[PDB]
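**Q** an experimental structure, sequence included, is below.
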Amino acid sequence: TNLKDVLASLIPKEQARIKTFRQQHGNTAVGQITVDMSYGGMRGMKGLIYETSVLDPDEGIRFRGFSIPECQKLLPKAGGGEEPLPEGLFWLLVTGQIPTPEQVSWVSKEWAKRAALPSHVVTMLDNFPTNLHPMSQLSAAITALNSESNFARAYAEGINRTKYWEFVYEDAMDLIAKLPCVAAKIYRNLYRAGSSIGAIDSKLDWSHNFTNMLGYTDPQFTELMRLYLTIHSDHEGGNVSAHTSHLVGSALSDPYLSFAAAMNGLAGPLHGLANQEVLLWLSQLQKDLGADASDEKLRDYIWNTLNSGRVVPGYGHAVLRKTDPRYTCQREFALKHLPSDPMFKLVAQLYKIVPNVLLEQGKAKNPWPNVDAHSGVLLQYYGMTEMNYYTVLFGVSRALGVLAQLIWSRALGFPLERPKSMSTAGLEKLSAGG
Amino acid sequence: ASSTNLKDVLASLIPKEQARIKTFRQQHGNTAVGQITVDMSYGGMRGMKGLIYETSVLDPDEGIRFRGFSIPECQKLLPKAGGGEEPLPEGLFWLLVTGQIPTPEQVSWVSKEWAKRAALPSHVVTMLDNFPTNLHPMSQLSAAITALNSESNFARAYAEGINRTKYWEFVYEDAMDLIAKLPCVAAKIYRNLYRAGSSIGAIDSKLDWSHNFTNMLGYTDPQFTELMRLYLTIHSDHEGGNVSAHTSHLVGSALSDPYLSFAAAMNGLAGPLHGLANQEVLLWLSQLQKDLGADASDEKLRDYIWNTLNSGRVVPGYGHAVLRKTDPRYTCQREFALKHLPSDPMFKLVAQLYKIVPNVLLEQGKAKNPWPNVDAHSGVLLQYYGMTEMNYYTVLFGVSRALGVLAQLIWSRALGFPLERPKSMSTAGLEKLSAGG
Ligand SMILES: CC(C)(COP(=O)(O)OP(=O)(O)OC[C@H]1O[C@@H](n2cnc3c(N)ncnc32)[C@H](O)[C@@H]1OP(=O)(O)O)[C@@H](O)C(=O)NCCC(=O)NCCSCC(=O)C(F)(F)F
Ligand SMILES: CC(C)(COP(=O)(O)OP(=O)(O)OC[C@H]1O[C@@H](n2cnc3c(N)ncnc32)[C@H](O)[C@@H]1OP(=O)(O)O)[C@@H](O)C(=O)NCCC(=O)NCCSCC(=O)C(F)(F)F
């Protein structure tokens, strides 16, 4: 019931909070930067303040203090569902508080009234070739939508730093509302013979309109979509996509530009693209070893994949050190809905083998699986076999998280992200020599 | 030190590098290089050095050093057009990549190579020709880059299962093609918007990259050709902590292709606090003229400056995250004006500001740096030569910046830098970590 008002009052409490805190500990040390950290992608450096979520290496992600199961229980469900609606999540990430069902409905409704594409985007999408990857299409379409930016106007217009957050809030609501429109058009155009996406039923929830535009009607596939979109929404801020959005948002680029840049990062093979990668490898697996393999043959398939310089897709993590609750959460879902699925059973079998392999191999820090290892198998089951699209789905979810933070970054006037770089030759000089 | 094919040269260079970093890392990987305080975390990583970037290094007191070289030094050492004064961007790219100063031949080969690789796919052209005039030039550029990704050789190869070792090779190809296509793209944007969709003509395999650019832009003055060589050379790289450089670095570390990494960087560059400043300094200067008139007094200037600050606004093209003095790129450009457009009224106003602004900023006590940066002096040079469409200004900066960023991109891959993935913290957790306040 008026998320903008809600924010309007939470803001100054928090501004207060930090100032006083910074006054006290501004110069207090929270860490040490090492030569290896610099060469190792800031591995283990605590270099960002990100509010919407925190990641625990052992326990996983907590969204505003809540774990996945906690959310699963707490957040409002649909009419007669079991899976939490992403609208709730979004309210939670933004507010810090559990939304009521009324609040949740208000969002759905808000996201329905704002879903609307400019024709220039439409045309573009319609002229894209079928050889251009869906993420690229997605990314390029978003960038193009920036002509609609309110923040971009207000800013040129001369707004006060103070009001920045309000513009960003509108840009943010509008993008999340349109994303499914762009995502759906992409699918259709690529996989549905360019058929129309149709309309938004103002009376449905965001996932539900999305699935319609996609042209899927299994009510269970709807529930999946809800779960899918909830769980991929945020993953603290050091992740490539979030960080990107955050780094780019810092220069004051609008939310369209920022999200788009984040998509380019999500699309990397070591990141969100792994969604799709996993699937491709699982398929090729099935071709070779066949539908039902022996643990023994599975091992070698991995033992091979390894001494051959390749990584096992969906396994490993920069931060997590244990099995990702996102993975588990998905597996519980399969267990309740597609337990007899062959692909599913394989994924399941992989779970018992890879970790030991990745343990005797001795390189990976995290021998366990991440969300990526398990999403595709679910999708595929419901008929969405177009694996080059999976990352798009992840992208649409990630907007929830990143944008929720975008508002806060500007509301708290976080400045330009600009660290200092060094050359090896200078680092050597600093230390002495290697 | 030298012969013609960059690729062969690189290939040789590479392994010695790796060995070095390796042993160095062997003795000191655990050797602490610095801090981490609460303030730097909230402060956008200000003052934290936590990134390796080989191509350039910025000294806060002296300015950018290319591969140990300063601008003036590059200014003299680098090869020039047959009959120019200005360094050619091709030479700088070579320097940046190889860490060595190129010969004329060496440069010529680069030009030829960039000429050769210059080709846009139809879909991109279609797309560009279909964009509305209200779609900012930077968005066009960024969306065009992303869509060109259909061509990525690294992407393809990667999917086909190449070895981590070979990665750099495809990135070298993708970068070369991208440096090569950029002007085509940029020119098409300019044409479309300001030249009633006329055609960009063709590439002259014999010309230098900038020359072919100005031709496609429709600019024929040699002085402007010369300005372009300088411009593209000077906005090249600025160590890796700047938004654009860092964004390409971050995205590339994920194995996204160069097209993707670059386009993302473009989105950072388009930020009002970043490359977009180019444009703002000009919009700001225009407004200023309109009010104050042409021959304003220092006192009137000063005041207008104070107005801007009180409106809660920043003086455009002044201040910097790292630099603590006047940017050498600023100076460099002032010298060029001094020599070629000593009496432009706009030029004169920039010069005036130069003597007024830093004192006011000093007085206001906010800015760590009260001196000018590159973006404060670039638009005036363009304007003078007829390129008066300021919304396009950052596009040229972007074309320039592809040189630094792509040069390191190859190196990061060549050197196997991993995924850039830091640790985020919430205020609450941070507090808890400390005691709170
Ligand atoms: C995600 C990941 C890149 C994390 O990077 P990083 O923190 O450097 O891994 P690490 O610290 O455990 O690296 C130690 C070594 O083990 C290797 N390793 C790590 N994970 C794996 C894996 N799943 N399979 C094989 N080798 C692996 C690393 O490549 C590295 O080897 P080398 O020393 O020869 O470079 C890494 O786990 C990986 O490559 N994963 C496979 C990626 C994939 O296809 N799907 C999973 C999604 S990637 C998700 C991320 O963005 C994340 F945060 F996890 F990095
Ligand atoms: C580049 C800049 C963003 C660096 O930011 P930062 O490192 O945070 O500067 P800082 O620490 O000195 O700023 C401290 C205070 O001085 C103010 N200040 C800094 N520069 C200026 C300026 N040019 N005019 C007025 N006030 C300024 C800051 O806004 C800040 O005020 P507050 O604390 O009340 O928010 C900054 O000086 C600025 O805003 N410049 C003007 C931007 C512009 O339109 N053109 C110049 C190109 S920006 C160069 C860069 O480094 C960047 F990375 F941003 F691209």
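**A** Happy to help now that I have it. Residues are numbered from 1 along each chain as shown, chains lettered A, B, ... in the order given. Ligands and ions are numbered 1, 2, ... in the order given.
**Q** surely residue A:111 meets residue A:206?
**A** Yes - assessed by Cβ atoms under 8 Å, residue A:111 is found in contact with residue A:206 at 5.1 Å. C-beta here means a position set from N, CA and C on the backbone, and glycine is covered the same way.
**Q** neighbour count for these two, which is higher?
**A** More neighbours surround residue A:206 than the other of residue A:111 and residue A:206, with 27 against 24 (other Cβ atoms under 10 Å in any protein chain shown).
**Q** quick one: contacts for that one?
**A** A:85-87, A:107-108, A:111, A:176, A:180, A:229 (Cβ atoms under 8 Å, 6 or more residues apart in numbering or on different chains).
**Q** and with 7 Å instead?
**A** When contacts are counted by Cβ atoms under 7 Å, 6 or more residues apart in numbering or on different chains, residue A:206 touches A:86-87, A:108, A:111, A:180.
**Q** got these as CSV, with secondary structure and distance to residue A:56 columns?
**A** Shown next, in CSV, are the contacts of residue A:206 (DSSP: H, G, I helix; E, B strand; the rest coil; distance: Cβ to Cβ, whole Å):
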residue, secondary structure, distance to residue A:56
A:86, helix, 22
A:87, helix, 26
A:108, helix, 31
A:111, helix, 30
A:180, helix, 31
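**Q** out of those, which is most surrounded?
**A** Using other Cβ under 10 Å as the neighbour criterion, residue A:86 leads the contacts of residue A:206 with 32 neighbours.
**Q** chain B versus the closest residue to that residue other than its chain neighbours, what's the distance?
**A** Using Cβ to Cβ, 6 or more residues apart in numbering or on different chains and skipping the chain neighbours, the partner closest in space to residue A:86 is residue A:229 (4.3 Å). As judged by Cβ to the nearest Cβ, to the nearest Å, residue A:229 and chain B stand 21 Å apart.
**Q** same question for residue A:151.
**A** 10 Å.
**Q** got it, and residue A:12?
**A** Applying Cβ to the nearest Cβ to residue A:12 and chain B gives a distance of 15 Å.
**Q** for residue A:223, same thing?
**A** Noted for residue A:223: a distance of 30 Å to chain B, by Cβ to the nearest Cβ.
**Q** likewise residue A:379?
**A** Per Cβ to the nearest Cβ, residue A:379 is found 20 Å from chain B.
**Q** the stretch 251-400 of chain A against chain B: which residues are in contact?
**A** With Cβ under 7 Å from any Cβ of the partner chain as the criterion, the stretch 251-400 of chain A meets chain B at residues A:251-253, A:257-258, A:260-261, A:264-265, A:267-271, A:309-310, A:318-319.
**Q** for PyMOL, write a command that selects the buried ones of the residues you listed.
**A** Selection command for PyMOL covering only the buried members of those, criterion 16 or more other Cβ atoms under 10 Å in any protein chain shown:
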select buried, chain A and resi 251+252+253+257+258+260+261+264+265+267+268+269+270+271+318+319
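**Q** just the residues of the stretch 251-400 of chain A next to chain B: which are in strands?
**A** Members of these lying in strands (criterion: DSSP state E): none.
**Q** ok, and of the residues of the stretch 251-400 of chain A next to chain B, which contact ligand 1?
**A** The residues of those that also fall near ligand 1, by Cβ under 6 Å from any ligand atom, are A:270-271, A:318.
**Q** tell me the secondary structure for residue A:54?
**A** strand (DSSP: H, G, I helix; E, B strand; the rest coil).
**Q** swap in the one 4 residues further on?
**A** Here residue A:58 is coil, with the state taken from three-state DSSP.
**Q** now, which of the contacts of residue A:206 sits nearest residue A:225?
**A** Nearest to residue A:225 among the contacts of residue A:206: residue A:86, at 9.0 Å, using Cβ to Cβ.
**Q** for that closest one, give me its contacts.
**A** Counting by Cβ under 7 Å, 6+ apart, residue A:86 touches A:206-207, A:226, A:229-230, A:233, A:400.
**Q** burial of the residue in chain A that ligand 1 sits nearest to, as a residue count?
**A** Nearest residue of chain A to ligand 1: residue A:316, at 2.0 Å (Cβ to the nearest ligand atom). Residues within reach of residue A:316, counting by other Cβ under 10 Å, total 22.
**Q** for the stretch 101-250 of chain A, just list every one of the helices.
**A** Assigned by DSSP state H, counting those that start in this stretch, the helices in the stretch 101-250 of chain A fall at A:101-114, A:119-127, A:134-144, A:150-157, A:164-191, A:206-214, A:219-231, A:240-250.
**Q** mind giving me the packing neighbours of the fifth one?
**A** With contacts defined as 3 or more Cβ pairs under 7 Å, 6 or more residues apart in numbering or on different chains; DSSP states H and E, helix A:164-191 has these neighbours: helix A:101-114, helix A:119-127, helix A:134-144, helix A:150-157, helix A:206-214, helix A:255-266, helix A:390-411.
**Q** then the last one?
**A** Here helix A:240-250 touches helix A:255-266, helix A:390-411, helix B:243-252, helix B:258-269, going by 3+ Cβ pairs under 7 Å, 6+ apart.
**Q** so which of those helices gets nearest residue A:26?
**A** helix A:390-411 (18.6 Å).
**Q** any idea what sits nearest residue A:37, other than its immediate chain neighbours?
**A** Excluding the flanking residues, the one nearest residue A:37 by Cβ to Cβ, 6+ apart is residue A:45, at 5.1 Å.
**Q** ah, wrong one, I meant residue A:101
**A** Closest to residue A:101 by Cβ to Cβ, 6+ apart is residue A:76, at 4.6 Å.
**Q** so how far is residue B:376 from residue A:419?
**A** The spacing between residue A:419 and residue B:376, counted by Cβ to Cβ, to the nearest Å, is 23 Å.
**Q** give me the phi and psi for residue A:291.
**A** Dihedral angles of residue A:291 (phi, psi; degrees, to the nearest 10) stand at phi -50, psi -50.
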